[PDB]
Amino acid sequence: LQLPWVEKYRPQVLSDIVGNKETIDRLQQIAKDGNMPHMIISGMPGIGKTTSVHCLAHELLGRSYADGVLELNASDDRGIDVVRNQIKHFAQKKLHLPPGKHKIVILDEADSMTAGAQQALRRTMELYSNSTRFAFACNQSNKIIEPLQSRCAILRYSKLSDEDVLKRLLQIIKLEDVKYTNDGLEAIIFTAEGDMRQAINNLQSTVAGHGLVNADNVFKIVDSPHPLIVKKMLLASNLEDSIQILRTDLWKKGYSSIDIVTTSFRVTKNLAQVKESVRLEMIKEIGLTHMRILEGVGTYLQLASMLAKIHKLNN
Amino acid sequence: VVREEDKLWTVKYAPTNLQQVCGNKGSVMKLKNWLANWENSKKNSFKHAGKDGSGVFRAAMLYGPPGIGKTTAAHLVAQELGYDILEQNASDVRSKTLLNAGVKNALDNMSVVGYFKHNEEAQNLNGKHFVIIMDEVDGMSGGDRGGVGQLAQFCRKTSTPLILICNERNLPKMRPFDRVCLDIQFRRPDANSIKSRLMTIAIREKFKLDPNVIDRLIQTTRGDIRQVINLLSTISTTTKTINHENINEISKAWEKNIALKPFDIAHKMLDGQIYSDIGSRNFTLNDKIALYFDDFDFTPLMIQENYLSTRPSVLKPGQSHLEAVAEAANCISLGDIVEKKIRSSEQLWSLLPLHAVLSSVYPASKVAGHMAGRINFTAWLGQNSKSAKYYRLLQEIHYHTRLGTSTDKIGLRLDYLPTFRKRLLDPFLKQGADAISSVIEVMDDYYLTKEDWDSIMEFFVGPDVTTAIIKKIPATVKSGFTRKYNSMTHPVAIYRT
Amino acid sequence: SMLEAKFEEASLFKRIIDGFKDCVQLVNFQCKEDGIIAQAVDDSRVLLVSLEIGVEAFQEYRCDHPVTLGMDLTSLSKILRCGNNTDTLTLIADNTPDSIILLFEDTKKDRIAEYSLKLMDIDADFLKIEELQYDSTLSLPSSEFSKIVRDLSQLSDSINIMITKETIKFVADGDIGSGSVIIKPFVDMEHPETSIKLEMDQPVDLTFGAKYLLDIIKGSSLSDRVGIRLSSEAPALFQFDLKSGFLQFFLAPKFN
Amino acid sequence: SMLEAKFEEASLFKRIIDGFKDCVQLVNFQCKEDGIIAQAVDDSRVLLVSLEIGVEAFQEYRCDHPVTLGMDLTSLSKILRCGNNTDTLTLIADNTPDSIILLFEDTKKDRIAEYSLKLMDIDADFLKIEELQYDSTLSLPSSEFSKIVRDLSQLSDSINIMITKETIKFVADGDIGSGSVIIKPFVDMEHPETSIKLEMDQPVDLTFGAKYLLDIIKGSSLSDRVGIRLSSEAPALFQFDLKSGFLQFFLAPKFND
Amino acid sequence: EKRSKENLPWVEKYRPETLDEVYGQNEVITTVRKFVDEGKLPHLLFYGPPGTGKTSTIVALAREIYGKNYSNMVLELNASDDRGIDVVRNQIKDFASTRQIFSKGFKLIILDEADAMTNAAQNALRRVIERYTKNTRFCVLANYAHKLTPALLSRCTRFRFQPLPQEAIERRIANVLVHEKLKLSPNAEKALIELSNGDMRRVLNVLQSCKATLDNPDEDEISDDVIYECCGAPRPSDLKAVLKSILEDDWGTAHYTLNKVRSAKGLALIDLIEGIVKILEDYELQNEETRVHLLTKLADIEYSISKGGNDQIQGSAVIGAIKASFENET
DNA sequence: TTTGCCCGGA
DNA sequence: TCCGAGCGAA
DNA sequence: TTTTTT
Ligand SMILES: Nc1ncnc2c1ncn2[C@@H]1O[C@H](COP(=O)(O)OP(=O)(O)OP(O)(O)=S)[C@@H](O)[C@H]1O
Ligand SMILES: Nc1ncnc2c1ncn2[C@@H]1O[C@H](COP(=O)(O)OP(=O)(O)OP(O)(O)=S)[C@@H](O)[C@H]1O
Ligand SMILES: Nc1ncnc2c1ncn2[C@@H]1O[C@H](COP(=O)(O)OP(=O)(O)OP(O)(O)=S)[C@@H](O)[C@H]1O
Ligand SMILES: [Mg+2]
Ligand SMILES: [Mg+2]
Ligand SMILES: [Mg+2]
């Protein structure tokens, strides 16, 4: 098989990463001048965290990458025993590198590591820092214990903006000779929601499907994000329109009742424009329906009743 | 060998002597005084304590939040007084077995390294002795079974100075150390205590730091000096001036998002500020639910404990305090139902956010305001423990008396026990030691032991409480009761329960 | 290669490593034109291990410039256990090494096994162990010391040693009461190897941990005899003499 | 019955089964007039075992028409344990069978122990996977291969085999370091069983998972010599020869990262 | 399998064998077929409700890619298998990182019913999926997206299988009728499509039962009467009679009518409630309060029925709910 | 700002 | 005989 | 025994 575009066009140098401009600039500076600090990179899915850490490591270490990098992720064993033996030994080992370069321990998806294992890392990080530096990547930074956050440089990545995604997509499009219209790329950006991985996946899917990337071809295969549909449902002014949205855009498209109700909860939580007490009442009603569905009564009537009760509240 | 421009700023600017340590000067002096007089206090079996009261402790326990200078202080004091240092931390295995097979042998042993380091030096008394540093005691997880108890034992039975370090002193697992360690608190240092250091670093590394923003930096990292130095190191890579034009976004990007502990969670959740329009805009519903997830086994219990103890500022117009409390109580009950469903055989963890709202956020939103007293630990845990004990005792009594009665255990408590009290206790009050035989006859009829007698008398409440009545019974009657009971055999209902 | 040191039979290095493997974890070897000197300090910092292996132990030895090799004992031990005792073992190292090569060769079968062991960062300089003016110096067959130590280990977790004029006393006082062993310098011409030799300037009395001595006596397999040196208040020296070098244990005593 | 196959002693079949028990779970036996062949594939689909037992392994053998018997190896081994190593073991099957009969009978007494193991509906082809002209073919004593594998498995999770003109090289690189064993062909007319044979057209270099090799070497109990056949594009064949037939392991190599 | 395919249930006898026999998912089929044609297969996610063709499609894709010997060239795992963290780290990772035993080519791993896997296993999958993409492709299948982690969802190309539309079901029914020598009336076909809710399994199961219910399937014709008989479901006329009686008659007559209609064919109460809700959805109502009361009360009754309860009391509850709600209509 | 009962072991 | 681990199990 | 982030 040929490489999927997501892997084919994975950046290999820091200058090919879009977004988070100031942080990427700092990383390029570090890669040029060495002395890499301990660092924690955090943010939402598919915005360039793993890519940035690997690019930085490659540029720092050159041909010494094979012996000078220890990578561990969720597919690896990372219990307290591994931290106390394998990582400690790698931190203690001899390795001559050019001045300003250090061995690098990459702990990808570090937010799944247990608290005890994290505790076991503190003094290894402190004692061997003249030869080893640690890079953590995670999605939920609050899952890294405070003593480890204290020893690290904090790099919180923001979601990619429509302009960054558009720029990267245009690069790939020119490289692949893709025919497109502005509405098509705007539809791709709209459905990606700031996840570059999803933007490239849906671009490949549209091109494979229908050749030309216009809005209609995009929406033939790519769904508009159902959280936005649910938000529209929750904000409708009269009960009949909200029920119409539920019926046509969610229930008859095949979305499960449990998916609809959990999305309703998540969206109501974040509806900053509705006063908080109203959202608490709505959450109570949504939770009642959620419990009924989990008992096995996940019918369209239950969701319609949920909508009716929310309407009674917001009135 | 290692260039200075290859080192982390936290290493190249580490304090080299106790003077260079910022803040906590009183704590450092406490530690230094404790260690300096350790031999003198040892000569008196640690039975005489001076003005500071430090002469009766063989061990010292330092505590405080991250990156404020605890490890630095311990190592520097040990070096200044000329001791050899033996260190263990959370990267070591500190179980009871390993502790007993390892560091134990050094509690009363000279150091060979210390001997050979200062063999030439004349009159170096401390060079051959150890200071044992046990860093990161709070980090001892399941890989260190029995470790904390063994360390407390050492704190009582060590012949060489021992310093322990932890971040969370008030944790339950740290209780054993309470009476056997000299507690030294380290607090967050103030911006003034570190302004000179930060400005010196700015001069050395050639970037412009405006002193006026340093306070904000200090607030950004919550007094974490290691973190502030890390921040300066990282920011100065491309930004050579930290001032009022960039401090806001730097502070936002590097802000300490630390989980809170249970009493703190309860305090913040019941604060009325976060439930107002502006407060809700600033501290969002998602943030409140995250508070629930900081400690999701105690937060519902803490809220249920303390939601009656406020003066509320969020009351709706015409809604009295009691009506708001009733709404909160109703929501707490619903939350309990959800909680039951979560921990059933279904394992419905997807309801956890709902529970957070029903058990903690919604009732708090109903009664939030100011606290009319201190935040209290939940009483439900202890009351549940007590109830479990008494139900165990009731089961035992029930199956001793089963062959004679006709009832379930609940009927035994509600109906039978009040009459057993009149057949088993009141005759003592009305007849002294003449009732011994009759009481023994009843006990034999119902296969009851002396232990059952005590248990039964424990059960009564209200005007029928027995503790003071039995305390009043003359010791002659109790001794005669026990002697006559132990003088004979007694039938048994269930051998080897 | 800058360093090439060849044992005709790998069993030698193997027994040497087994001598002190169970009492330390990291060992620093220094190789120079005159041979190899190793130092190790245990985790508790109570015991020090010194090793000297001269050129006479090597079928061939070359080392252009001095070099230090920090090694973990467990890894080296497993690698050595992956080698034939009767094979020829060559320690090879290149300039500023990151690893040490152990090369086993059996020329009878034309079978070569090459292992590479990654070196360690040990930030601990060599300790000066210049000979001290010991108060007492004795020597006795290793087997007698091993038996005495093993027998006194069960009685108590500590062992006391007292050296007086023509008298050596070992004592263990603890949970199982008090057990004592008294010996004297006797010379037997029939079997000189089993002679007990003593030389005392001042009376000496020290105490030591039992586990440390149990680890120390594991070196009996390298030497038929053991020499012991003691001072008023100082580390006790226990020396086993190898064919061309020695293994020394410096044990810090108890206080008082 | 339609199929009747008598092992003089049940120990033969037990050792044969124990030779590959640990690698696979479900096994498919096809019995024909010329003997019994069997195939199995491990859970991860990385290893395939192929067994051949000829009529000479049996005191008596009869298979009127081809028959296929699918079964779980744990149940079969459990049953084989219930019988004695000394008794005569007769495998019996009927046409279109729902079970396989294992009949343990000792001539000394009149004691018959009959077990019936229910069979699975395992419908899978064997494909007779064997490439014609392998790049390199070598053979060496089983104990030496076992020793090399066991030593190198302590160092890494992967073992590389490199065959070049007149040299066989095993390599493993891991966290604490690396190991490399080089052997050369050699004929010793005094002890042919210690010989190391190597024929080769194209040099080869392939990486294998260590745990699979550790399972494969358990066949050494069934044969003094192991044959290894390697090709750039095919699974590696590890063959142990039995007095009558053979035990083969086909192990796929790792993808070149 | 045993004996002929004529011994199989119709839901399995008519399982699509090739991509051309998958109906009502044309956009997905076109896209994936041209993925295969061009050699560009990404990591796939098939999301959809029961019986819409997800497993059928992925197995047909494997058959097309690898030929008839696909089963020994893919790793298929579903909820009937253990898929804990250990399985991900050993079995899945080994298959992903190793060449094929039988025939050279890329590897395919099919995680059917992936919504049954734990969070920890799904997280372990992330870098397995990314690291071995060059030689391995994953396909994930699910009915419930909420049990899939955001990181797993990000890495897959998503395809939604819709509830099967009317035309696709009609064509499949025509094929079945030809093969079974069955006759089906137009009203019966409409009733079948209506009750299937776009689930092909329901269509096939009901059709098999209907054929079994005929006296002579060669001459007898499946009419809507037969469908309602075998399903034990209300006729539309019964639903309308009950609703009319509730909306226009006094309590005694409405209670009598509900009981008599139910007794006629032993109808279940929940089926009447479902049918009446479907009818009432199309009503134009002056007052939103009528809709609110109807929906909330009927949902409460449905939930109480799900736990058992007293059937007579629940029927009276339905009557009262509808009457009281329509009182708001004035 | 941390309860009540009371483990396994000495 | 004394002591409190770790869990909430009435 | 642990849902979500923007
Ligand atoms: N900033 C970016 N610039 C260019 N491509 C990107 C960027 N972010 C993501 N991608 C693309 O999406 C793919 C995945 O990027 P990753 O860095 O692995 O995302 P991630 O942040 O690590 O996602 P998680 O946290 O593991 S779900 C890359 O191979 C790129 O092809
Ligand atoms: N009071 C301080 N004065 C000067 N530097 C400090 C101070 N506190 C922390 N630092 C700096 O941060 C580095 C780490 O200090 P530590 O003493 O290890 O803090 P800590 O209190 O032990 O943090 P934990 O408990 O291990 S998270 C020091 O080497 C200094 O560079
Ligand atoms: N699009 C379809 N075209 C033809 N037959 C279908 C179709 N969908 C379902 N069926 C039929 O229903 C049966 C089940 O189809 P499946 O593809 O296994 O359903 P599914 O989507 O995997 O359902 P879940 O998600 O496992 S409950 C098939 O054997 C077919 O007989
Ligand atoms: Mg990533
Ligand atoms: Mg510290
Ligand atoms: Mg399916």
Side-chain angles (χ1 to χ4, degrees), chain A residues 19 42-47 111-112 114-115 138-143 156-161 193-195 225 227 262-263 265-267 269-270 272 287 290, chain B residues 96 142 145-150 152-153 168-176 178 257 261-267 284-299 301-302 305-306 309 339 342-357 371 373-395 409-410 413, chain C residues 175, chain E residues 118-120 146-147 149-151:
Chain A
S42 57
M44 297 280 290
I47 61 182
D111 45 19
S112 44
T114 61
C138 57
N139 298 99
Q140 288 289 351
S141 91
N142 87 295
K143 299 290 185 282
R156 305 193 164 110
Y157 278 31
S158 54
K159 152 174 320 312
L160 302 181
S161 70
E193 295 155 275
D195 176 348
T262 52
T263 298
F265 183 108
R266 197 166 60 71
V267 160
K269 188 180 59 174
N270 296 312
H290 188 174
Chain B
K96 200 229 213 316
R145 175 168 51 262
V148 174
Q150 194 58 88
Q153 306 321 324
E168 274 125 17
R169 184 69 182 77
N170 73 8
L171 269 196
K173 59 182 286 233
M174 299 290 102
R175 278 183 304 188
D178 267 293
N257 50 313
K261 321 293 291 210
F263 283 69
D264 310 349
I265 290 164
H267 196 265
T284 72
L285 188 41
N286 194 53
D287 302 310
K288 305 178 172 79
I289 299 178
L291 291 183
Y292 167 93
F293 279 99
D294 276 336
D295 183 342
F296 83 139
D297 299 308
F298 279 109
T299 303
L301 287 162
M302 291 302 293
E305 174 62 21
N306 297 284
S309 291
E339 181 43 80
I342 288 172
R343 326 273 217 261
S344 81
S345 82
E346 307 294 335
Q347 284 304 281
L348 298 166
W349 296 117
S350 147
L351 294 169
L352 272 173
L354 176 59
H355 187 231
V357 173
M371 294 310 291
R374 68 197 310 139
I375 297 255
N376 280 118
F377 186 67
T378 176
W380 181 85
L381 285 171
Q383 291 296 138
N384 186 79
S385 213
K386 178 182 303 302
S387 157
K389 155 170 139 278
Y390 274 123
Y391 270 107
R392 297 199 283 276
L393 292 177
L394 188 62
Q395 199 77 267
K409 73 166 149 53
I410 295 309
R413 168 58 180 103
Chain C
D175 179 35
Chain E
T118 60
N119 261 289
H146 80 102
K147 320 151 160 233
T149 63

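Letters go in sequence order (proteins before strands), and every chain restarts at 1.
- Whole-Å rounding puts the B/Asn384 CG to F/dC6 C1' distance at 15 Å.
- Backbone-only contact: B/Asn286 has heavy atoms under 4.0 Å from sugar-phosphate atoms and none from a base.
- Taking the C1' atoms as reference points, H/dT2 lies 24 Å from G/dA5, given to the whole Å.
- Nucleic acid contact for B/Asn376: none, since no nucleic acid atom lies under 4.0 Å from a heavy atom of the residue.
- Listed for the A/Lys159 side chain is a donor-acceptor partner under 3.5 Å among the backbone atoms of A/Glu193.
- A/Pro45 comes within contact range of at least one nucleobase, with a heavy-atom separation under 4.0 Å.
- The nearest heavy atom of DNA chain F to B/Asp264 and to B/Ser385 marks one nucleotide each, and the one closer to the 5' end goes with B/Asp264.
- Atom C1' of nucleotide H/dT4 and atom CE of A/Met44 are separated by 9 Å, given to the nearest angstrom.
- If you check every strand for non-hydrogen atoms under 4.0 Å, B/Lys386 touches sugar and phosphate atoms only.
- The distance between atom CD of B/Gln383 and atom P of G/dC7, rounded to the nearest whole Å, is 21 Å.
- Between A/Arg266 and the phosphate of H/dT5, there is a side-chain N or O to OP1/OP2 separation shorter than 4.0 Å.
- Figure legend. F/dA10 is base-paired to G/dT1; pairs are counted as Watson-Crick or G-U wobble with both atom distances under 3.5 Å.
- Between B/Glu346 and B/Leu351 there is no side-chain heavy-atom pair separated by less than 4.5 Å.
- Between G/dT1 and F/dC6, the distance separating the two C1' atoms is 15 Å to the nearest Å.
- The backbone N or O of A/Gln140 lies less than 3.5 Å from a partner atom in the side chain of A/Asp111, making a donor-acceptor pair.
- Backbone-only contact: B/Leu352 has heavy atoms under 4.0 Å from sugar-phosphate atoms and none from a base.
- If you find the closest nucleotide of DNA chain F to B/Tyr390 and to B/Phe263, the one lying nearer the 5' end belongs to B/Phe263.
- A/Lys143 comes within 4.0 angstrom of a nucleotide base, judged by non-hydrogen atoms across all strands.
- B/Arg392 comes within contact range of the sugar-phosphate backbone alone, with a heavy-atom separation under 4.0 Å but no base atom that close.
- Residue-level contact check: A/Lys269 touches the backbone only, with heavy atoms under 4.0 Å from sugar-phosphate atoms and none from bases.
- Taking only side-chain nitrogens and oxygens, B/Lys389 never comes nearer than 4.0 Å to OP1 or OP2 of F/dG4.
- No side-chain donor from either of B/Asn384 and B/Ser387 sits under 3.5 Å from a side-chain acceptor of the other.
- The phosphate of H/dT5 has OP1 or OP2 within less than 4.0 Å of a side-chain N or O from A/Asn270.
- Taking atom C1' on both G/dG8 and F/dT3, the two are 10 Å apart, rounded to the nearest angstrom.
- Heavy-atom contacts from other residues, nucleotides or ligands closer than 6.0 Å to CG of C/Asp175 number 12 or fewer.
- Across F/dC5, G/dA10, F/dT1, the shortest atom-to-atom separation from the side chain of B/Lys409 is found for G/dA10.
- Closest contact between the side chain of B/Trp380 and the listed nucleotides G/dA9, F/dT1, G/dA10 involves G/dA9.
- Atom CD1 of B/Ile289 is separated from atom P of H/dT5 by 9 Å (rounded to the nearest Å).
- Atom CZ in B/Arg175 sits about 11 Å away from atom P in F/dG4, given to the nearest Å.
- Across all strands shown, B/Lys261 has no heavy atoms under 4.0 Å from either base or sugar-phosphate atoms.
- The distance between atom CG of E/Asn119 and atom P of H/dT2, rounded to the nearest whole Å, is 8 Å.
- Between the B/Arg175 side chain and the B/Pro172 main chain, a donor and an acceptor come within less than 3.5 Å of each other.
- In the displayed structure, B/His267 atom NE2 is contacted under 6.0 Å by at most 12 heavy atoms of other residues, nucleotides or ligands.
- Annotation: side chain of B/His355 is in contact with side chain of B/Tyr292 (closest heavy-atom distance under 4.5 Å).
- Remark: G/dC7 base-pairs with F/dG4; criterion is Watson-Crick or G-U wobble with both hydrogen-bond distances under 3.5 Å.
- Taking the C1' atoms as reference points, G/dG4 lies 8 Å from F/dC7, given to the whole Å.
- Sugar conformation at F/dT1 is south: the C1'-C2'-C3'-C4' dihedral has a negative sign, consistent with the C2'-endo side.
- When the nucleotides H/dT1, G/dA9, F/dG4 are ranked by their closest atom to the side chain of B/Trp349, H/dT1 comes out on top.
- Stacking annotation: B/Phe293 is not stacked on the base of H/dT2 (requires ring centroids less than 5.5 angstrom apart and an interplanar angle below 30 degrees).
- Distance, B/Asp178 CG to F/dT2 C1': 11 Å, rounded to whole Å.
- Protein atom CG of B/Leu301 is 16 Å distant from nucleotide atom P of F/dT2, rounded to whole Å.
- Candidate nucleotides G/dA5, F/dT2, G/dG8 were compared by shortest atom distance to the side chain of B/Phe377, and F/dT2 ranks first.
- With both pairing distances under 3.5 Å, H/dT5 is matched to nothing as a Watson-Crick or G-U wobble pair.
- Taking atom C1' in both F/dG8 and G/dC3, one finds a spacing of 10 Å when rounded to whole Å.
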